[PDB]
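Below you will find one chain, with nothing else, as structure tokens; this is the form deposited in one PDB entry, and questions on how it binds or moves follow later.
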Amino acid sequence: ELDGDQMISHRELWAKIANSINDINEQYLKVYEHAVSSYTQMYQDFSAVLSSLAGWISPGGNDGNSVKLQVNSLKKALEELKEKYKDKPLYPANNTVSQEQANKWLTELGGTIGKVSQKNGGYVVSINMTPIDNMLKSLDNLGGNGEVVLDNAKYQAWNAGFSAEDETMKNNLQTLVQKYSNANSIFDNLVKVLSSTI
């Protein structure tokens, strides 16, 4: 409990403030920074897939007309994307942490953006790839094979779902970036409050 009569030298106060500033940088700011970096790289890699997609759709179905979607090519790229990020979590940057630590950061980052997973002994907060999994399931449902011809109606429907999952990832990234900006300002304010004590 609070003890107002506790005394401390100015020199010990300076060192205590320094120790705390370092701890907050290590345990909070640097965690957010790496979370942002990791999600940003994933979405960058997904954006490259988006660019590639232009080469995997073309007019088809004997002129009417329809869209010929190279399903296996898209499916392959999305699978490779998931594979790449399987061992690139939001937190922590290296090794593993306890389930309790992982749960704490899941709650901080949001269960939409991260997913707690066990690596065996310890855990990580992985990038939640539900948007990509949803895309894959939808591609599976188009039936057909390595390639499908979609009339206007079926293409509009598929594209609407695909685009929504893309937008979800963009929304997630914008939210993470804002949380990191907020974290930086909370740190600046803490430094300002603590420096004013002396």
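Throughout, we count residues from 1 along the sequence that is shown. Rigid core: the largest C-alpha set superposing within 1.5 Å between the two forms.
- Note: missing coordinates for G64 occur in a third or more of the other compared entries bracketing this position.
- Note: missing coordinates for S195 occur in none of the other compared entries bracketing this position, so the one-third threshold is not reached.
- When the two stretches 2-10 and 187-195 are set side by side, the higher mean Cα temperature factor goes to 2-10.
- The question of which stretch, 139-147 or 126-134, has the higher mean Cα B factor is settled in favour of 139-147.
- Annotation for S47, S66, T168, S38: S66 ranks highest, by Cα B-factor.
- When the Cα B-factors of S51, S163, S58, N172 are read from the PDB record, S58 comes out highest.
- In this PDB entry, the Cα temperature factor of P89 sits in the bottom third of its chain's modelled residues, the lowest group.
- In the PDB entry, a CA B factor belonging to the middle third of its chain's modelled residues is recorded for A157.
Keep in mind that the form deposited in another entry is missing from the display, and what follows is about it.
- After superposition on the rigid core, the single residue among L50, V149, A157, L29 whose C-alpha moves by 2 Å or more between the shown form and the other one is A157.
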